[PDB]
Amino acid sequence: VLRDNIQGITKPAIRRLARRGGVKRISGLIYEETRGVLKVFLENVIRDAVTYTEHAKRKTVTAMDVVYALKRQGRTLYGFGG
Amino acid sequence: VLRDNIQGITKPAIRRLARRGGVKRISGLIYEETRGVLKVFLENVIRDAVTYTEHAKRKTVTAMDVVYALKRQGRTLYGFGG
Amino acid sequence: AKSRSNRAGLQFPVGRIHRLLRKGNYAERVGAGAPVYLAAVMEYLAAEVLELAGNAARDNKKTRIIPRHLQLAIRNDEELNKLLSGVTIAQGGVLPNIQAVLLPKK
Amino acid sequence: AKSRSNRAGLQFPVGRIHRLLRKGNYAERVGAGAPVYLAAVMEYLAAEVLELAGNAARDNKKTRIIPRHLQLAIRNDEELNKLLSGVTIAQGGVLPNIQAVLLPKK
Amino acid sequence: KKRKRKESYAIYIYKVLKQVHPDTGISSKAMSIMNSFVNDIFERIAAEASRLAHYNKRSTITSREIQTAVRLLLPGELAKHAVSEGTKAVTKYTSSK
Amino acid sequence: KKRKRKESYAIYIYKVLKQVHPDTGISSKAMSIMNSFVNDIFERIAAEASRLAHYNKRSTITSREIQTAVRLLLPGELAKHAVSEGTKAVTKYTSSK
Amino acid sequence: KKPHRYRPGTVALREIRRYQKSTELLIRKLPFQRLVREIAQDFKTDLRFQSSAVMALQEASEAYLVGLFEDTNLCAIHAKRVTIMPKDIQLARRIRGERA
Amino acid sequence: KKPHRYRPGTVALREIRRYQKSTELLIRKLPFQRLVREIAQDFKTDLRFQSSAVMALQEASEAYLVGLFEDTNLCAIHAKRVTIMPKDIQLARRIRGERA
DNA sequence: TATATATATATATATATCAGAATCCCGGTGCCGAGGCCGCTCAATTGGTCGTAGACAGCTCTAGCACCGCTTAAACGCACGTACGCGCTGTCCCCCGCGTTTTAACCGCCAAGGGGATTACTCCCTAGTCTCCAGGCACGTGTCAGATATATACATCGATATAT
DNA sequence: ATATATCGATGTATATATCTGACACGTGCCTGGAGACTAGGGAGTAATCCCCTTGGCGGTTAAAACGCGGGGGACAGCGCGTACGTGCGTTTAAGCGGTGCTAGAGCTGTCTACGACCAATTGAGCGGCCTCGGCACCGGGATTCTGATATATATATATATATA
């Protein structure tokens, strides 16, 4: 039982990420597409990590599954575990 | 004993490759940069293929070495050898 | 007597895939059902690509599959294009796809 | 008696790398000079990365390497950026840069 | 006086083609392309199954590793169609033993 | 009663740091990042050496396979610097036997 | 008198110079955790997550979006603009190859 | 009488519709072979090449250049132009990640 | 009365100056994460045995390189015209900066409880070895789909004479 | 004065022979795949526990949401020179076809150095605890920018003045 939580990724959060990316002015329709793109990226990574958790016969998606799911997509994550 | 052979990559051939790419008009400065880009790509692929050649104590470059060099860079080539 | 590819109903060989999994140094031991599962998946992927390539060859009125028919069959399909992303098909081609801006104004 | 790392003049472990090469099933027979060569290459790469990280730490007036210092050290260099292009560093940053168009005109 | 044996999937691809399209042939370059494609699919699934068996501290590539590797690499409808094909082939094997 | 024996390159990275910078410490997360970097370099070079072993119909990983893997993976100045480093380390190994 | 009010563009430059030099998590932790659980319950129901898994997803998502915004900014400056628009994002995702 | 001369743009569209339908290698074989030998003799003197290696290099280079021209054309149409420019090539190679 | 020159005055603009926020930097306190020490434990090291994979040569055979000649198709350069990219201007709208209000994230503490890791037993599943035999591959031959040549119907593109 | 229907012309695809080189098919054989027994070791099943995750409550508080004034950027339009497409004639150079030849690739036999394996042992590495110094936080000063403003500064003009 949940709600629509993609509205929780607020307008200042996308604003701060875009400032870190280094942009000066942001159009008003950036935010909806940024939410859609983030949802697509998470539906890739989370699906691969959940498959990794399925194969181990576990229920806790650990950090290693997320690192391997990111490594399979060519976005290697140094940091957690390794 | 050689010459300058990058001018053999001829402006009609860049034009025909760009027609296959789907380009309507070509600026007059596309050709020099296209020669430079092709030279960089060949200097990567031929270097990796020649390294594959000198590993195997061979003095000829087979098609398989070029396929392995292209597969290492992400441009997987079905066709020749495989 | 009965070969394992004929026993499982497939056409791709089970014994050769078992050997290539064995002395392809992927793991220390290889289970018995793994070559059959892998041969079935490989045969399904091949059968799908030959189905679309035969359709594309019959669309151009040719009764022999050339590399251009395979190129058209892969890039017209959605999941097959997503699977073979960086794959370059030799002596293939590009899809006929011209942008609407470049077309002349009527 | 004498460990192989001390005999080879390195500090990365030779025996552990030999065990990980044997039991990481890369090939059937891992040779003798292979773990020493691999440990030397890995030790050089770590020495280069830690030297640039220490330079970035001294330039920032801190005496303890944080992940931002590693991000600065790797991306301020060019050949390590070519090596580590596809990797992101956790709790790192981006290089401080901004395009000249976005800067206010004077 | 042959030189060497060359192992290839050519006659198997021809059998699959004649069970799919009974009146369509295939060129030699197309056979080489699909030989390369079949070997590339085998290498991808075998490498992912090896990596999956290594990450669980396991030492045998069973059919479950192949199923999970197929569900990882293949996108969309190809994944579920391939695992249904593989499951019925393994079931036919076990029944016909 | 400890949990498990976890294997890591932390002590060796700290020894390399104290040769390079005698007075610079390192945080825990930076050590974990560097451990991941060392293991990623190890898996890259080992996978390429395995590919070179399989590609030539050979069944071993000698020093030449790792030298060629370093030449293929490492770009530019790093490639020949690491090749010279590994060559003098192998020479110092063999001369001390 | 009128308050000391900045021109449009100075505060954006200051925020660029500030957020590029600090390395915090720009997205809040709890809404991202709720988003991850909402997406993850579609595949396997009744899952559990470590804190490090949600942290790894947050670092990866922020890094991917910052790289995408960098390429989107270069697309916008290429079209003689300073304002990033959605068509820059579809151009960047098309050139990168994520638009299947 | 005045000759029947096509408008600037019609012949370009015909060449786009013709070369996208064709299959053959657009670059001439012998100058590309000379280029490959010139580049290859820097790494190792007195090298030999199989014919299939040179045709593999030609097919790979042609496919890479055609893909780069598709991305460059998308960049050019993005900036309200039909003429591709060198800055389109640098933008496409920068977003692709090929800029060393 | 008609023509030509100069200059105080009003006006739109470059520039030094002054006030206001934001940020860096210095110092004091404290606090918590890293370095160092100690015990356990496990895996690297050494010696001897043995199988085997890779190096040396030598033979052969095959395919890659260099050369020559004919042909002819494609590139190169010149000329001309036109459509398009750049640039300036007007405007209109749409983000941005700032202030007030509310609210939901962060932090901390506590309880329950579900599942990940551990240890032991066993069992069944796979490697190894042998040994036979069917399948697949190289080779040679028929044969048939496809490339090329000549002729032709037709889509279509642009210049033009006409209607409202 | 501009949109509309002809019509000359140019490229495209179609029909049909042909001849052809590439593909489908018959044959040996030898190589790897399959059947059977051994033997052993990896992996599943059962109980434990404790570790970590989830759920809930409170609370200050930083931050998001909303609204408003306005300024600057995006978009549309006009103008125009230029840079590129298109066509034509010519000449260069690639494609093709033989021919030698010769250097390098593959097979083969052998034998030699080298890596797998087993057992014992011990020295290095990892977990746990302490203690201490580098980093975090807070407050004040200096600085370093940004924004609005007065000052003077060049420019157009209308009247005074000199000449005819």
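Residues numbered from 1 in each chain as written, not as in the entry; some residues may be left out. Chains lettered and ligands numbered in written order. Heavy atoms only, no water. Residues with missing side-chain atoms left out of burial classes, pairs and counts.

What the entry reports as its method is cryo-EM, with 3.29 Å given for the resolution.

The PDB entry annotates chain G as Histone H3 of Drosophila melanogaster. Per the PDB header, the title for this entry is "Structure of a native Drosophila melanogaster octameric nucleosome". Here chain G is described in UniProt, under the heading Sequence similarities, as follows: "Belongs to the histone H3 family." (UniProt positions renumbered as here; feature names shortened; annotations may be inferred.)

Under the PDB entry, the name given to chain A is Histone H4, and the organism recorded is Drosophila melanogaster.

Taken together, the 57 residues of chain F in the interface contact 54 residues of chain D. Summing the contributions of chain F and of chain D, the shared interface buries around 5100 Å²; its carbon and sulfur component is 71%. One salt bridge in this structure joins F:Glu7 and D:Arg16, with 2.6 Å as the shortest N-O distance. Taken together, the links from chain F to chain D amount to 18 residue pairs in polar contact. Broken down by secondary-structure element, the contributors of at least two residues to the side of chain F that touches chain D are α1 (10-20), β1 (25-26), α2 (28-55), β2 (60-61), α3 (63-73) and α4 (77-95) of chain F. (Contact = heavy atoms within 4.5 Å. Buried area = accessible area lost by both parts, 1.4 Å probe. Salt bridge = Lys/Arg side-chain N within 4 Å of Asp/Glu carboxyl O. Polar contact = N/O pair within 3.5 Å; in protein donor to acceptor, adjacent residues only side chain to side chain. Helix = DSSP H or I, 4+ residues; strand = E, 2+ residues; numbered from the N terminus.)

Packing of helix α4 (residues 86-96) of chain G against helix α3 (residues 51-78) of chain H brings their axes to within 10 Å, and their N-to-C directions diverge by 175 degrees. The angle between α4(G) and α3(H) falls in the class roughly antiparallel. Taking contact as the criterion, the partners of G:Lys87, G:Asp88, G:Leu91, G:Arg94 and G:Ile95 in α4(G) are, on α3(H), H:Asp71, H:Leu74, H:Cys75 and H:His78. Per-class residue counts for the contact of α4(G) with α3(H) are four nonpolar, one polar and four charged. (Axes fitted to C-alpha atoms, helices over the stretch in contact; angles between N-to-C directions. Parallel < 35°, antiparallel > 145°, perpendicular 65-115°, else oblique. Nonpolar A, V, L, I, M, F, W, Y, C, P; charged D, E, K, R; others polar.)

DNA strand I sits among 83 residues. The nearest are D:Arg19, E:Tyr12, F:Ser28, G:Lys21 and H:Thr10. Among the atoms of DNA strand I close to the protein, meaning within 4 Å, 95% are from sugar or phosphate groups. At 2.6 Å, a side-chain N or O of E:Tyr12 approaches a phosphate oxygen of DNA strand I. H:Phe49 is positioned with one of its backbone polar atoms (N or O) 2.9 Å from a phosphate oxygen of DNA strand I. (Near = heavy atom within 4 Å.)

Attention shifts here to the protein's contact with DNA strand J. The environment of DNA strand J is formed by 82 residues, the closest being B:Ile26, B:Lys59, G:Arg7, H:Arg5 and H:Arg34. Of all DNA strand J atoms lying within 4 Å of any protein atom, the proportion belonging to sugar or phosphate reaches 95%. At a separation of 3.2 Å, a phosphate oxygen of DNA strand J approaches a polar backbone atom of E:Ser59. Between H:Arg34 and DNA strand J, the recorded distance is 2.5 Å, taken from a side-chain N or O atom to a phosphate oxygen.

Mapped onto the elements, H:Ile27 comes out in the loop between α1 (10-19) and α2 (29-43). Between the C-alpha atom of H:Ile27 and that of H:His78, which follows or precedes it by 51 residues, the distance is 28 Å. With near-sequence residues (within four places) excluded, H:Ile27 lies in contact with B:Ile9, B:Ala13, B:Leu17, H:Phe32, H:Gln58 and H:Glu62.

Okay, the arrangement of the chains next. For chain E and chain F, which are not in contact, the least C-alpha distance works out to 11 Å. There is a clear gap between chain F and chain H: no contact, and 11 Å between their nearest C-alpha atoms.

The subject of this paragraph is the packing of aromatic side chains. In the structure shown here, the tally under the stated rule is 15 aromatic pairs over all chains. Ring centres of B:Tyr68 and F:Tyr55 lie 3.8 Å apart, and the angle between their planes is 20 degrees; this geometry places the pair in the stacked category. Of this pair, B:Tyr68 sits in helix α3 (residues 63-73) while F:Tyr55 sits in helix α2, placing the two residues on different chains. Residues B:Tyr78 and E:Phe37 carry aromatic rings whose centres are separated by 5.9 Å and whose planes lie at 55 degrees to one another, so their mutual orientation is tilted. A residue pair is termed interchain when its members come from two chains, as with B:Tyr78 in strand β3 (residues 76-78) and E:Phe37 in helix α2 (residues 28-55). Looking at B:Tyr78, the relative accessible area reads 2%, which means it is buried. The structure contains a cluster of three or more aromatic residues connected by ring pairs, namely A:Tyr52, A:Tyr68 and E:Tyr55. Across from the ring centre of H:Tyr19, 4.9 Å away, lies the NZ or CZ of H:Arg18, which sits over that ring. (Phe/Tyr/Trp six-rings, centres within 6.5 Å; stacked < 30°, edge-to-face > 60°. Buried < 20%, exposed > 50% of the residue type's maximum accessible area, 1.4 Å probe, protein only. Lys NZ or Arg CZ within 6 Å of the ring centre and 35° of its normal.)

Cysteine pairs can be covalently joined through their sulfur atoms, and such a bond is termed a disulfide. Per the counting criterion, the structure on display carries zero disulfides over all chains. Counting only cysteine sulfurs, H:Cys75 is the nearest neighbor of G:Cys75, a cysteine outside any disulfide, at a range of 6.5 Å. (Disulfide = S-S within 2.5 Å.)

This part is about empty space enclosed by the protein. Computed from the structure, the largest cavity encloses a volume of approximately 60 Å³. Taken together, B:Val67, B:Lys71, B:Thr76, B:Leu77, B:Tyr78, B:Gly82, E:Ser36, E:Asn39, E:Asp40 and E:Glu43 make up the full set of residues lining the largest cavity. Sorting the residues of the lining of the largest cavity by element identifies α3 and β3 of chain B together with α2 of chain E as the ones contributing at least two each. By residue number, the principal contributor to the lining of the largest cavity is α2(E), which donates four residues. Tallied by class, the residues present in the lining of the largest cavity amount to three nonpolar, four polar and three charged. Estimated volume of the second largest cavity: approximately 50 Å³. The element that contributes the greatest number of residues to the lining of the second largest cavity is α2(E), accounting for three residues. Among the residues making up the lining of the second largest cavity, the classes are represented as nine nonpolar, no polar and no charged. (1 Å grid on protein atoms, 1.4 Å probe; cavity = no way out; pocket = protein on both sides within 12 Å on 5 of 7 lines; lining within 4 Å. Points joined across faces, edges and corners; volume = space filled by probe spheres on them.)

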